[PDB]
Structures are given as structure tokens and as C-alpha cells.
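Pasting the sequence and an experimental structure:
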Amino acid sequence: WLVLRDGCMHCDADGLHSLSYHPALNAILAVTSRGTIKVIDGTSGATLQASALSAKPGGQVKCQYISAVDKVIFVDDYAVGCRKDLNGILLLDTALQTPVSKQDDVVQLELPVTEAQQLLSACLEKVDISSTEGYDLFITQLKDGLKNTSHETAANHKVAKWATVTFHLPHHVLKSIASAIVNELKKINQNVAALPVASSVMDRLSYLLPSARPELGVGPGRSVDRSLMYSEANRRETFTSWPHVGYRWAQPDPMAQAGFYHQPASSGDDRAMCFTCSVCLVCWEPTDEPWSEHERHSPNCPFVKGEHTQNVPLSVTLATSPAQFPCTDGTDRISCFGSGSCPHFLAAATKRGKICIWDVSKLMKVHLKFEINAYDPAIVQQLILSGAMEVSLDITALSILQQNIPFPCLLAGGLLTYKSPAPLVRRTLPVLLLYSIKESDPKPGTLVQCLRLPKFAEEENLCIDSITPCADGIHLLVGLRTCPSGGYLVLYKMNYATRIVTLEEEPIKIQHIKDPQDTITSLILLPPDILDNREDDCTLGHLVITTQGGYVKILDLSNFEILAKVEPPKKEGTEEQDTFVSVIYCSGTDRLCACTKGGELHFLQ
């Protein structure tokens, strides 16, 4: 494993609080406190993107690279961005675009090259619609962007690919253009490739306004308007009591992906009815795969041939769910949160007071509205059983980690911020509070057994910046941070031997290093067959610590044994420390990233 020096180049010196990567379109998602994007080529130095797209600057662009399934969930200061488009592509330039409050807001459409060029074709090459309102302004914007790129087109077209036109046109022009295109494409019912584009634009126009959003027509014997169907969500929402789920290949998700709608009724239990020609079919069967059956009874469906005409797959169908604003003020601070490596559970901890979790498998619906009593005796009972005053609950983060009487409870801790004088002595103790996930058909949320942090861990009041389960999934790794050799750590075991889930009754070992000054700020855990050559030739992971002096220490977490030491390099031209600040595991590259505040890069072969 040779190591060589090649060179360095400034990449990012704007500061970093969280790290992420974008593996879909090979355009690195930059996490910045402002939202600006800067990309510089290293080998040739050619510019790939020259555009400062900022619809509403000042928002924290926080996205986390979930490498379990290689998906990134972008989160802004307002809502949660589940950008699941066709083939699961993501958006980079919309890092500062937020849901609108009025029609006066500035929106950055920033469509990719595909749909932007499709609009260009439908406006000049395919169809000529120059007589509509706002056509001149949009064409002028597109040609202005093209002319701006034309100077850099002599090198590459990626400038036009990413330095897109600032599509901040007023919503009235876009509304008029969308209405004209939809009318033209629906009066003759022509299924050209521009039909999905027109449908998507009209869907945005009719859904992004909560005031103009109609209701859902759910219920037998009730009619549904034909205008809202340009999204498949209406069809997918009717699969409430489908009784053929127990079929072999008629699983809920694949069958709903096909694009049918079923009214719950005793008649027509397995009756089939599609949309292409409204043919009355029968005999839904376990071996009757929905896509295969759709091709069998309707080969003219555009899904069969792959044409882009009224194509709304499951990802596009379920990626149009609306969002609601939790609070108008949000006076509660934002300190630390994360989603972990568990994409199945959506973890966007809104520490503003209200946290609602919607299951990905099921459809989004209104669930519950309530207010919390300020005199709950459960916490006081827990405190008293361990051994003037106003106690209130502030919901900060919900975390679900996994490998009745009592009710199933989970080690979900919250950041209690209450100050007491230190006759009383100020002490902080984590607590576990859970709501009623589902009735087990007593009082829901009864704690089974709580795991207490070690004495030294509570002594320094370390806060869990993030939670990351171990690779094997048996043991739990807890992240720690310190606000401005190992340190203070936690080590316990959970029992998974009995048929019913239980918990261990005795700690095994507690790691207490008498060196709190150099507490680990961040760390990663890797299987025993990645890092070391001996390990490669051969489950708790590998513990590598970083020192302020720049020395690199390689230790094996299995035995806490020091393996090798590497001296820090020397900065060129200046004596300032060339420290590595970025450390994150990217499944796209599988390398240990290292970006410096001074603007230098190094590669470890």
C-alpha cells in the first residue's frame, strides 16, 4: 500500500458543519451555510458550472448521505425534500428553493437538460407557440443563458448543463404557458413527448397552492373530477382494502406501481379495469403480474414501449406529497440532529416543538392532534424511583433504532434544557418518553428498561450529535461532540437470544480513558475486511483518532491496540497548520476525504 504525493488545489474553505455526497448525477452536493456552489476542475481546471443560483439565501443547506441504499434526503429550513424523480435522481441547484407563501415569491425552476431541452423543442422545433403570453420572455431567458455559456462552449457543454438559466420568471407567465400547452396537447389528445412535461407543470401549478388544492374523492358512489388525474396519486390512494395482497406476485407496492385504482366493494373482487381503453377484464391471479398483465391486455400502453407520454411511475407518483408548516415562529433552537444509515425510517428531527413521522410504505394522512399536559407524573416517578418546580416537555428528536405489557419502548432520548441552582445540586438525567405507535389489540408508552449513560459520560454532559448503528447491527455506536487518548465512551450489550425481545441485566465493560482533553469528535466504523492489510487478508469496527498535533494513530477497536503512527505534513509557503477537517464515508468513492481550511488536497493511494 504505497503512498505518494502529487499536488494540492483549493477546493472548499467556506466552513463545514455536515458532510454529504451526491452519487446520482456525479455533481457533488455542497453543504454550505449560505447555499452557494463552487466546483473547480483539478486536472485541466476547466469550469463546469458558473452560476450563483440563490432564490432565498440564508438557509442552512443540510443534506445527509445515507449510504445504506445510496440515497440523499435534502433538508431545508422549512420542510423535508424527498426528491425521488424518475430513476431516483436528485436536485442540486434547488438547495435554496423553498415552498412558496404567495405568488410574489421568486422560484428557481432549474429543470435539468432533459426537460428544459424538451420545452425548447416544444417551443421552437416541435411546436411553434410564439403567439402565447410570456413566450418571448422565457425564450429570451433561455437564449441569454445560452449566449452566456457560448464563451465557455468551446471547452465543454457541462457549463450549459449546470450553469442553467435563472428560471425566476413570474408565476403568471408560467401559468399562461402551461395553460396554452395543456390546451393544445389536450384538445387533439396528442400523446407527444411534451405531454408529461405539460402534465407535470400543470400539476405543480395546481398543487403548489394550498388555497387552490381541492379535496380527495375517496368513497364508493362518489364522483372524481377528471382534471386532477394528471397525477397517479389519486389512483394509488384507493388501494385501502385490496384483498388479493396474499397473492404470490400481487404484492401491494408492485401492484400499486402499475397505476390502477380499486374501489373497496364486495362485487368485482378480482375484476380488472385499466385506463388505456377501459376494457372490462377479470381474473386477477397470483401469477398475473400487474405489469405483465398490463402488457398482455394493453400493449399500446406507453409504459410498454418506453415512450414518455403520461409517464408517472411509483417514484413520481409518491414524490408529490404536500407539506405543512409546523410553526410560524420556531423559536426553539437547532443544535444537532441526523438521520443515520437507516433510510427506511425518515429522521428529520424538527426541534421546533412538533415532530410528525409519516411511513414511507403507507400513504400520507392526517393522524392526530393533541396538546401535552405539563403535569405528567411519569418523569417524577422515574426520578424518585432512581433514589416551585415547573416541568415541561420540548420535543427535539425522534430516533428509531433496531437490529403489549410492557409496551414496546426504545432508547429514544431528548435534550432536556432545564437549569437548577447548585439545598439542591444540579443534575442531568436522560429520560425516555414515547407515544402510542399502535394499540396492542394499559397506558401506552410504559417503559420496560432504561439504559443509563456512564458516570463520566453524564459528568461532562456530552450530547449525542448523531446516531450511527454498527455494521454488524448487534451493538450500538453513539456519537458525541464537544461545543467550543480516546476520551469518554459508552460500551454495553443487548440480548437477542430469547424468543421475545429482552435486555441484558449486567454491563460487560465500560471504557474510561483518563484523557478527556482529546475526546473523539467524529469517528467511523468499518468491517474487519477493509482498512488493514492483515485485516484484509483475514465486527465492532476500527477506531482511528485524530490529534490536534496532526499525528495519525491507527488503532483497532476490537482490542484498543496501537498499530502505526503517521506524522502530519508541512504546509507550503506558510507555517499555518494544514489540518484535515472533512471525514465521512462515501459509498460512491469509498475513500477517506480530507479537505483543509487553507485550501489544500492530498490523495492517499
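Nice, I can see it. Numbering: from 1, shown residues only.

Confirm for me that residue 485 is in contact with residue 517.
No - Residue 485 is beyond contact range of residue 517, at 9.5 Å (criterion: C-beta atoms under 8 Å). Yep, even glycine has a C-beta here, placed from its N, CA and C like the rest.

ok, those two, which is more surrounded?
residue 485 (14 against 7; other C-beta atoms under 10 Å).

Now do the SS call for residue 553.
The local conformation at residue 553, judged by DSSP: H, G, I helix; E, B strand; the rest coil, is strand.

Tell me how many other residues surround the nearest residue to residue 250 once chain neighbours are set aside.
When the adjacent residues along the chain are set aside, residue 250 lies closest to residue 244, with 5.3 Å between them (C-beta to C-beta, 6 or more residues apart in numbering). Residues within reach of residue 244, counting by other C-beta under 10 Å, total 15.

is it true that residue 244 lies in a helix?
No - with three-state DSSP as the criterion, residue 244 is located in coil rather than a helix.

Make sure it is actually in contact with residue 283.
No - between residue 244 and residue 283 no contact is recorded; they are 11.0 Å apart, counting by C-beta under 8 Å.

joint contacts of those two?
Taking C-beta atoms under 8 Å, 6 or more residues apart in numbering as the contact rule, residue 244 and residue 283 both touch residue 270.

still on that earlier bit, the residue nearest to residue 250 and residue 274: what is the separation?
Spatial separation of residue 244 from residue 274 under the definition C-beta to C-beta, to the nearest Å is 16 Å.

what comes into contact with stretch 113-126?
The contact list for stretch 113-126 (C-beta under 8 Å, 6+ apart) reads 111, 129-130, 135, 138-139, 142, 160-161, 164-165, 181, 192-194, 197, 200.

Mind giving me the PyMOL command for buried ones among those?
With 16 or more other C-beta atoms under 10 Å as the criterion, this PyMOL line picks the buried residues out of those:
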select buried, resi 111+135+138+142+160+161+164+165+181+192+194+197+200
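
Just the ones in helices from the contacts of stretch 113-126, please.
Secondary structure of these is defined by DSSP state H; positions in helices are 135, 138, 139, 142, 160, 161, 181, 194, 197, 200.

residue contacts, the nearest residue to residue 447 once chain neighbours are set aside?
Sequence neighbours aside, residue 409 is the residue nearest to residue 447 in space, at 5.1 Å (criterion: C-beta to C-beta, 6+ apart). The neighbourhood of residue 409, defined by C-beta under 8 Å, 6+ apart, consists of 432, 434, 445, 446, 447, 448.

what about the fifth one, neighbour count?
Meaning residue 447. Each residue near residue 447 was counted by other C-beta under 10 Å, and the total is 14.

residues contacting it?
Residue 447 makes contact with 382, 406, 409, 432 under the criterion C-beta under 8 Å, 6+ apart.

repeat for residue 12
Residues in contact with residue 12, defined by C-beta under 8 Å, 6+ apart, are 30, 38, 595.

Next, format these as CSV and append distance to residue 521.
Listed next are the contacts of residue 12 as CSV, based on distance: C-beta to C-beta, whole Å:
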residue, distance to residue 521
30, 21
38, 26
595, 16
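
could you dump these to CSV with distance to residue 550, secondary structure and neighbour count?
Compiled in CSV, those are given as follows (distance: C-beta to C-beta, whole Å; DSSP: H, G, I helix; E, B strand; the rest coil; neighbours: other C-beta atoms under 10 Å):
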residue, distance to residue 550, secondary structure, neighbour count
30, 26, coil, 19
38, 27, coil, 14
595, 15, coil, 19
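
What is the nearest of the residues you listed to residue 314?
Proximity of the contacts of residue 12 to residue 314 (C-beta to C-beta) peaks at residue 30, which lies at 29.7 Å.

Neighbours of the nearest residue to that closest one once chain neighbours are set aside, how many?
Using C-beta to C-beta, 6+ apart and skipping residues adjacent in sequence, the residue nearest residue 30 is residue 37, 5.2 Å away. Here the count is done by other C-beta under 10 Å, and residue 37 has 21 residues near it.

follow-up on the earlier one: could you measure from the residue nearest to residue 447 over to residue 499?
Noted for residue 409: a distance of 19 Å to residue 499, by C-beta to C-beta.

Packing partners of whichever strand or helix holds residue 184?
Element membership for residue 184, per DSSP states H and E: helix 171-187. Identification of packing neighbours for helix 171-187 by 3 or more C-beta pairs under 8 Å, 6 or more residues apart in numbering; DSSP states H and E yields helix 135-150, helix 194-207.

most tightly surrounded among those helices?
With neighbours defined by mean count of other C-beta atoms under 10 Å, none of these is more surrounded on average than helix 194-207, at a mean of 20.

which residues of the stretch 251-400 of the chain fall in strands?
For the stretch 251-400 of the chain, the strands defined by DSSP state E, counting those that start in this stretch occupy 272-273, 280-281.

Let me see the ranges of the helices in the stretch 251-400 of the chain.
With helices called from DSSP state H, counting those that start in this stretch, the stretch 251-400 of the chain shows them at 252-258, 290-297, 302-305, 314-318, 377-386.

quick revisit: name the nearest of the contacts of residue 447 relative to residue 238.
Sorting these by how near they are to residue 238, with C-beta to C-beta, puts residue 409 at the top with 35.5 Å.

Please confirm that the closest one is located within a strand.
No - assessed by three-state DSSP, residue 409 does not belong to a strand; its assignment is coil.

Distance check, it against residue 445.
Residue 409 sits at a distance of 7 Å from residue 445 (criterion: C-beta to C-beta).

Show me whatever sits in contact with both of those two.
Counting by C-beta under 8 Å, 6+ apart, the residues touching both residue 409 and residue 445 are residue 434.
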